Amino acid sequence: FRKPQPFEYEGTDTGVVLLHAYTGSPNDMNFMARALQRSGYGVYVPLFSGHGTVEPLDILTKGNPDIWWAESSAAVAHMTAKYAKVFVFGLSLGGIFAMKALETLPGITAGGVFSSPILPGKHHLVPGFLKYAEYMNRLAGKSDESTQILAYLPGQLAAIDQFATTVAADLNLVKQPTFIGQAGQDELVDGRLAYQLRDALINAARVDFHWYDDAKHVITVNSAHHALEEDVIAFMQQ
């Protein structure tokens, strides 16, 4: 098993922070990061605590939204030290921190989300996490950990939602141009909430909203990624 590491591409004038998904890793952003590099952007993809190991329990016992927020904030600061302009985007979980960054951190030009409605709703992250863990255990030749996982999973999902509702309540603080991309066949989160995210951004200079009709949740990796990359790059060029 290869532990995905954080990675960085050097640019000149503009840098981009890409924040990965829950149970995800910097691998979530490989295609996006390279697309940005081909267009001359600097890119930084951090690793969230507890992620990127062969042991799914690490996510539940070594990471939490407060740590991940600190890591997101540190990632933004790393890039704003170097580049004239910095953009911050996030996939699902990462999108929560991307929006909180726009709301509360200095020096960010613009940013937004990939399949991250922010407003909590009906989701399928419990089955999603369990399927992820089952796949990881099958890779590592390890026995099932579902009972151990279920002692933590409801609580951590609740913690993420709790963090998210605060971010949602502060959406009025966002003044930067904001990008919203949402999968149209999203099996993990309620895509309808992306419309509520859009409508809550009452003070954003602009809201660039894109719906990826036939795509499943992870639009940075699946069939939608070429379209998403083009739309994100067009947004940045504006």
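In this text, rigid core is short for the largest set of C-alphas that superpose within 1.5 Å between two forms. Position 1 is the first residue in the sequence shown; the rest follow in order.
Colleague: Which is farther from the shown form in 4 other deposited structures of this protein in C-alpha RMS with the core fitted, 109-117 or 69-77?
Modeller: Most displaced of the pair in 4 other deposited structures of this protein: 109-117.
Colleague: With the rigid core as the fit anchor, does 135-143 or 119-127 show bigger C-alpha shifts in 4 other deposited structures of this protein?
Modeller: Relative to the shown form, the greater RMS C-alpha distance in 4 other deposited structures of this protein belongs to 119-127.
Colleague: Given the B-factors recorded for C-alpha atoms, which segment has the greater mean, 87-95 or 150-158?
Modeller: Per the deposited B-factors, the answer is 150-158.
Colleague: Looking only at CA atoms, which has the higher mean B factor in the entry: 137-145 or 107-115?
Modeller: For C-alpha atoms only, the mean B-factor is higher in 137-145.
Colleague: Can you tell me which of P46, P56, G181, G42 has the maximum CA B-factor listed in the PDB entry?
Modeller: Answer for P46, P56, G181, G42: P56, with the highest C-alpha B-factor.
Colleague: Grab the CA temperature factor for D66 from the record and place it in the lowest, middle or highest third of its chain.
Modeller: For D66, whose C-alpha B-factor we compare with every modelled residue in the chain, the answer is the middle third.
Colleague: What third of its chain, lowest, middle or highest, does the C-alpha temperature factor of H124 fall into?
Modeller: As the PDB entry reports it, the C-alpha B-factor of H124 lands in the highest third of its chain.
Colleague: Based on the entry's values, in what third of the chain does the Cα temperature factor of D214 lie: lowest, middle or highest?
Modeller: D214: CA B-factor falls in the highest third of its chain.
Colleague: Lowest, middle or highest third of the chain for the C-alpha temperature factor of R192?
Modeller: As the PDB entry reports it, the C-alpha B-factor of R192 lands in the highest third of its chain.
Colleague: Compare the C-alpha B factor of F7 with those of the other modelled residues in its chain, then answer lowest, middle or highest third.
Modeller: For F7, whose C-alpha B-factor we compare with every modelled residue in the chain, the answer is the lowest third.
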